[PDB]
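Proteins get letters first, then strands, A, B, ... in listed order; numbering begins at 1 in each.
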2 protein chains.
Amino acid sequence: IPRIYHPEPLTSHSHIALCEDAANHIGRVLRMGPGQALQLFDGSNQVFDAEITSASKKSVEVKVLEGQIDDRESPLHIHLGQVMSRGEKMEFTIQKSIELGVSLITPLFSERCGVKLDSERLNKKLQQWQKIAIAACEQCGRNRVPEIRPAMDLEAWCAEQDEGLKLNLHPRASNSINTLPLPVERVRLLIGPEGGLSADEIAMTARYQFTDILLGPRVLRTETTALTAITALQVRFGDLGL
Amino acid sequence: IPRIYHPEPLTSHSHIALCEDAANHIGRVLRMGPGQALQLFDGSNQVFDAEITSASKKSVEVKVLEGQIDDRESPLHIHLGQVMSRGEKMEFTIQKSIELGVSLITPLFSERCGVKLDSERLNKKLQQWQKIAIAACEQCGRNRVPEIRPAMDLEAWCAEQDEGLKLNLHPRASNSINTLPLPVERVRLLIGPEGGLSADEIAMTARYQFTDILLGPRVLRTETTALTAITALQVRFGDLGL
């Protein structure tokens, strides 16, 4: 049964019409009719049974049935600060991170991110990433949709007041996952760009009480370095081991 | 600033060309050039700033700018079932109804509608009415465009499964707007033809659990009877009082 996100708060026995991307996916790509099985959610951590009543071109109209809490969220809070990159790697990172239960995401600027975006082009990028978050939530069964926060400068993100651990990875780190002081329930995870963080930036994260960690003795691919780290955290402090 | 409907989904910073009726209205009737102020929408309940880049004969090409949600929709769902009539009254009814925030419209056949339309002539009529819906939306500032549903037989429309109230007007009705059980969030409103619904048709709407209502002690003109009823509903359960 297909999972659909609904950008407006859902209620038990209403009729509704799907947002445009949902109607396109269901009726225009999937050519489904009534046709009835759909499962819907809206970010409330609830999930609704629903029936395709009617369907058309541009248009798909359904009715929603019984609703219920279905919590696929990890009890660990992981806030990923991912330094932006010009390619198509940010998109894959968002998608996969969400599948691994990442709680919240802030795209970052740093000295070597190589991204130089105008206000509007960055707003557009952020909307697209929010759509990626939504689609990945449909796929992996999450019923909360993590926010893609507005982009931030590196240091400003580092400076944010927030309880919990602040981690960054470094091949010369003074800790590993297993030597981190317990318990761990909130983590801000900083992932830098391919060109890396500069010595000034490193020094600055230290001023902000970041703990840097080793992630094994092998060299990790940039592309996937976030995923690996998130997976480790989820396994050790989150639900991947439960 | 002129409001334009665009029959294709809109996006923030694209260039586009207006559909034919829009290009005719803007460049051929309004003789506008660049010339830049236009506001555009596409039924998503969003509205876009836009610039007439170029304009020609048959041709008007523009670029779209920032987009934003601008919700002029009533929170009350009113589905008008309006029995068809041969004159030019259906057109005025569609236009004005839309201006008053009617959610959805189904043109109906009944015993005394006096309309006997061939498939193709009825398809054509429905397209024209959909254009009226669009134009009225441009005018009144609505950013959703209500669907003119395919015409239906009276009883088949009555039989449709749909949560909410089902109303019809009768000078010997057993309720008024104010005696209707609360709350009211969805209404199907049946408006009959000038020759009226027959006793068999009345009896049949009762079988379908229609509630008939009085609409004041004066005799209402056929032409406008829909408008009056919609206005009342919008005032009492919708946004005309807010």
Side-chain angles (χ1 to χ4, degrees), chain A residues 6 8-17 42 53-54 61-64 67, chain B residues 43 45 69-83 92-108 133 136-137 139-149 157-192 197 205-206 208-218 220-242:
Chain A
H6 200 254
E8 237 63 87
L10 280 158
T11 211
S12 317
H13 291 260
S14 292
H15 274 269
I16 53 142
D42 52 16
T53 76
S54 70
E61 299 236 346
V62 302
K63 173 206 23 177
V64 336
Chain B
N45 223 10
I69 307 216
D70 182 16
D71 188 11
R72 304 314 173 78
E73 300 299 303
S74 162
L76 175 65
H77 177 87
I78 298 175
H79 177 166
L80 167 64
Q82 167 62 66
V83 171
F92 181 76
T93 290
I94 293 168
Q95 167 184 312
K96 309 299 292 182
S97 266
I98 278 139
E99 151 190 357
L100 298 162
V102 66
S103 310
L104 187 65
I105 296 175
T106 309
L108 305 183
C137 285
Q139 307 292 283
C140 74
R142 283 178 76 168
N143 298 315
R144 294 205 173 281
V145 180
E147 181 192 349
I148 319 296
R149 295 177 72 227
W157 183 80
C158 285
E160 282 187 333
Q161 205 193 349
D162 188 12
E163 69 272 342
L165 255 150
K166 300 154 126 73
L167 299 179
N168 73 296
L169 315 179
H170 197 285
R172 282 173 108 260
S174 303
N175 270 286
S176 56
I177 293 295
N178 292 356
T179 72
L180 296 183
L182 299 190
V184 182
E185 300 144 336
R186 297 202 124 220
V187 174
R188 290 184 153 227
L189 179 56
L190 175 59
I191 302 295
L197 302 167
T205 63
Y208 283 98
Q209 304 183 338
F210 270 76
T211 297
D212 70 353
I213 55 169
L214 292 170
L215 200 46
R218 295 145 227 118
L220 296 173
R221 282 193 148 267
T222 288
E223 294 98 325
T224 56
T225 291
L227 310 185
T228 309
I230 290 171
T231 297
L233 290 171
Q234 208 59 273
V235 167
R236 161 87 172 181
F237 312 105
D239 59 15
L240 234 38
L242 306 173

Heavy-atom nearest pair, B:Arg144 first then B:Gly43, reads NH1-O, 3.0 Å
Got [X] and [Y] here, is their nearest side-chain heavy-atom distance under 4.5 Å?
X        : Y        : answer
B:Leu190 : B:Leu108 : yes
B:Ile177 : B:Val235 : no
A:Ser12  : A:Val64  : no
B:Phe92  : B:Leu227 : yes
A:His13  : B:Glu163 : no
B:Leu169 : B:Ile213 : yes

Hits for ring pair (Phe, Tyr, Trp, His ring centres under 6.0 Å) against B:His79, two or more places apart or cross-chain, chain-then-number order -> B:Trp157
#### Entry: side-chain contact (heavy atoms from CB on, under 4.5 Å) evaluation trace for A:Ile16 with A:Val62
CA-CA 6 Å; A:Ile16 53 142; A:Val62 302; 3.5 Å; yes
Mark yes or no for whether [X], through its side chain, and [Y], through its backbone, hold a donor-acceptor pair below 3.5 Å.
X        : Y        : answer
B:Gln234 : B:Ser74  : no
B:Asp212 : B:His170 : no
B:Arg142 : B:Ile98  : yes
B:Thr179 : B:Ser176 : yes

Quiz item: Do B:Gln82 and B:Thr93 get their side chains close enough for a donor-acceptor pair, meaning under 3.5 Å?
Solution: no
Test side-chain hydrogen bond (donor to acceptor under 3.5 Å, both in side chains), reference B:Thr106, set B:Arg149, B:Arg188, B:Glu147, output is B:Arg149
task = May I have the step-by-step check of side-chain contact (heavy atoms from CB on, under 4.5 Å) for B:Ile191 and B:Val83, ending in yes or no?
result = CA-CA 6 Å; B:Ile191 302 295; B:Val83 171; over 6 Å; no
Requested in this report: Run the numbers on B:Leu100 and B:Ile78 for side-chain contact (heavy atoms from CB on, under 4.5 Å), then give the verdict.
Outcome: CA-CA 10 Å; B:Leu100 298 162; B:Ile78 298 175; over 6 Å; no
Within this structure, what is the [atom1]-[atom2] distance for the pair [X] and [Y], rounded to the nearest 0.5 Å?
X        : Y        : atom1 : atom2 : value
B:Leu167 : B:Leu215 : CG    : CG    : 10.5 Å
B:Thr224 : B:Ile230 : OG1   : CD1   : 11.5 Å
B:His77  : B:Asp162 : NE2   : CG    : 5.5 Å
B:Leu189 : B:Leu165 : CG    : CG    : 11.0 Å

In short, salt bridge (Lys or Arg N to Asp or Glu O under 4.0 Å) pairs touching residues 228-242 of chain B with sequence neighbours left out are none
Step-by-step side-chain contact (heavy atoms from CB on, under 4.5 Å) determination, A:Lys63 to B:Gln161:
CA-CA 10 Å; A:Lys63 173 206 23 177; B:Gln161 205 193 349; 4.1 Å; yes
